[PDB]
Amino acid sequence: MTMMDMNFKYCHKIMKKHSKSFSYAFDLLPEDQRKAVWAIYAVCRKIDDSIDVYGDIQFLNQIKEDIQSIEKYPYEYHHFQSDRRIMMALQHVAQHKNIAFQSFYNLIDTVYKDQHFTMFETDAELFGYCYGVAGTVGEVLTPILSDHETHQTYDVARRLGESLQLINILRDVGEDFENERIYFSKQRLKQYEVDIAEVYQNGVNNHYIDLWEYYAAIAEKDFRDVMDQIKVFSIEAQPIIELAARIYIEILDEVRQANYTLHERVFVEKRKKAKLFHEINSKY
């Protein structure tokens, strides 16, 4: 095992831990491609967690710098300020694949704002946040999971990304509330006459469930739309992307089964991930 492999293994390790779902799906891709996904995932994870758990903008600048460093000089050795392994893997990926640096930049700009947090007045802002945090990830991943990096492919990957993030938010209401963050908009929170702090105490109700379903409705609709357009992705990527998405979208049924709980992070047992893997691999 060469050292560069060591760095990719560290990226994988990170992905395995923070996302059993995506890890479960993407590891099915051929070597060169999953390596690229591990690295890109690790980068994003460091960004996200350098603020959603280690709330530290200093690091975030360390990472933002390393990347600009790579974009600027893909073929020079750098003494990265944040996490050498991940950057080395990313830099290695970039010397082979096209990378949308601006996309990592939008994510960064985005998780920054998650410092002095302020609710969203409208779903539009909610939706734009889904873009900066996920749509942009779909955009960085596009050159990796596709052959035709065209407007249509970027646009689908992006929507996939935004949809997967809406589901993400649909599961984490409680977790997010404990952390002092509500992502449903006030417009929509008022319209449905619901208070998160109040539901958190006395439990769900129908105001919440309806509201929760309003969003789920959206998420699922966009999910179906992207599945239709799944062929914009490579043949090998298609089933994996589908499993990644169905494995993630299944989370909605899990929030339901647990009665929209605000005190647990529901999940999809690895055995169901296997079941879904099954129902899809037939089709392929």
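Numbering starts at 1 and follows the sequence shown. Superpose the two forms; the largest set of C-alphas matching within 1.5 Å is the rigid core.
Novice: How do 43-51 and 232-240 compare in 7 other deposited structures of this protein: which one has C-alphas farther from this form after the rigid core is matched?
Specialist: Looking at 232-240 and 43-51 in 7 other deposited structures of this protein, the bigger mover is 43-51.
Novice: Any chance you could tell me whether 76-84 or 91-99 drifts more in 7 other deposited structures of this protein, judged by RMS CA distance from this form after superposing on the core?
Specialist: Once the cores are fitted, 76-84 deviates more in 7 other deposited structures of this protein.
Novice: On average, which has the higher Cα B-factor in the deposited entry, 146-154 or 131-139?
Specialist: Stretch with the higher mean C-alpha B-factor: 146-154.
Novice: Do the C-alpha atoms of 229-237 or of 36-44 have the higher average B factor in the entry?
Specialist: Of 229-237 and 36-44, the stretch with the higher C-alpha B-factor average is 229-237.
Novice: By the entry's C-alpha temperature factors, tell me which of 86, 93, 126, 209 sits highest.
Specialist: Comparing C-alpha B-factors across 86, 93, 126, 209, the top value belongs to 209.
Novice: Quick check for you: using the entry's CA B-factors within this chain, is residue 203 in the lowest, middle or highest third?
Specialist: According to the entry, residue 203 has a C-alpha B-factor in the chain's highest third.
Novice: Looking at the C-alpha B-factor of residue 162, is it in the lowest, middle or highest third of its chain?
Specialist: Lowest third.
Novice: Can you tell me which third, lowest, middle or highest, the CA B-factor of residue 171 falls into for its chain?
Specialist: Tercile = lowest for this residue's CA B-factor.
Novice: In terms of the CA temperature factor given in the entry, to which third of its chain does residue 26 belong: lowest, middle or highest?
Specialist: Its C-alpha B-factor, which the entry lists for residue 26, ranks in the lowest third among residues of this chain.
Novice: Quick check for you: using the entry's CA B-factors within this chain, is residue 11 in the lowest, middle or highest third?
Specialist: CA B-factor rank for residue 11: lowest third.
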